[PDB]
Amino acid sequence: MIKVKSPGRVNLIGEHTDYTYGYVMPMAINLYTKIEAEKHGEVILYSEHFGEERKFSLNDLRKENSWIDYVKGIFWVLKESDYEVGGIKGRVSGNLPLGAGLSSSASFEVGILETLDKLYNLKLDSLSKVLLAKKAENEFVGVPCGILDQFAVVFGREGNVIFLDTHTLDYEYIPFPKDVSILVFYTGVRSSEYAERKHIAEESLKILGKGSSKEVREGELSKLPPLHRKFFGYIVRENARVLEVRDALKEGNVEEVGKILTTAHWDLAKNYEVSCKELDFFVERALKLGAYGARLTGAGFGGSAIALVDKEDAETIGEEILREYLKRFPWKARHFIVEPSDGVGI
């Protein structure tokens, strides 16, 4: 029997940049999918979250349109890459909230991959784990996505964020300040919009004749159609913000990091049009209550937001905002205090 702990993730800055091969800056967080498993002739997994067992023969990688598909996708991608692995029997648990925008999918997929890696002695390198998990999500599960989530879940390092160039896959660890906490606020609001943004951005790159948004300047966007232009303007500003945050963090200037996050949030909300009143509420109140800055994290249109706050005030701020929020909105909102953590491991 082995135990794997696979973290979720938050993106600090660099939102809606990965699918144009821009810059991103995620961290793994200390909320986890836990998998405890042993070898078996078929695949049998009990999900604590769903309170149910689902199983399949190794012969059977047919999509079933349930959570088991995330498991099948890893078996599929391993088979497609010429690995021989056998079955597993085990239990999936942990404290990472499902569908909150903290990357339940990548956490789970990478966790299954790591379980198989260890049980079957596959000796996968870290980048292969990221690429296999991404390929499973994209091609088997059928969810478009960039590399952000998988990279964070694998490459996370305690006390550090990851600055990543998603075009080259060059990355560096940047220390995150002591006694600054990440307050995560899940709105209680659990894809077509994402696919549209991705499609428009990819088309814009072709119009511009460029392979990455890193290569694009404000000036060039006049060449794009009005809607392409609006959205791509955000992407260019966002890449610049990632580099600004990198410099500010390397100086320990959390006040500047916070300011940049806030600017980024309103850019997402007003120009990329991917926020909602629930996320905006959290951001505005967190700022009034003393956060250095705040921003939605992940795709938007629900999910979670983050606020950078003094460690000693994180609990009070989360509690005050949650009470206000629940008077205004019907959803089962939750807050968590997280820190930058190590990537997937036993």
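Quick note: we count residues from 1 along the sequence shown, nothing fancier.
- Item | Deposited residues omitted from coordinates between residue 190 and residue 191, as a class | Some 4 to 9 residues are missing between them.
- Query: Out of 204 to 212 and 147 to 155, which stretch has the higher average CA B-factor listed in the record?
  - Reply: The deposited B-factors put 204 to 212 ahead on the C-alpha mean.
- Message: If you average the CA temperature factors as listed in the entry, which stretch comes out higher, 45 to 53 or 278 to 286?
- Response: Per the deposited B-factors, the answer is 45 to 53.
- Out of 33, 30, 297, 65, highest CA B-factor residue: Top of the list by C-alpha B-factor: 65.
- Per the PDB entry, maximal CA B factor within 78, 254, 183, 130: Largest recorded C-alpha B-factor: 254.
- Task: Would you check the entry's CA temperature factor for residue 197 and let me know if it's in the chain's lowest, middle or highest third?
- Result: Its C-alpha B-factor belongs to the highest third of this chain's values.
- Mind checking which third residue 221 falls in for C-alpha B-factor across the chain? CA B-factor rank for residue 221: highest third.
- Mind checking which third residue 329 falls in for C-alpha B-factor across the chain? It falls in the top third of the chain.
- Query: Looking at the C-alpha B-factor of residue 241, is it in the lowest, middle or highest third of its chain?
  - Reply: Tercile = lowest for this residue's CA B-factor.
- Task: Name the third of the chain's ranked CA B-factors that contains residue 272, choosing lowest, middle or highest.
- Result: Middle third, going by the recorded CA B-factors of the chain.
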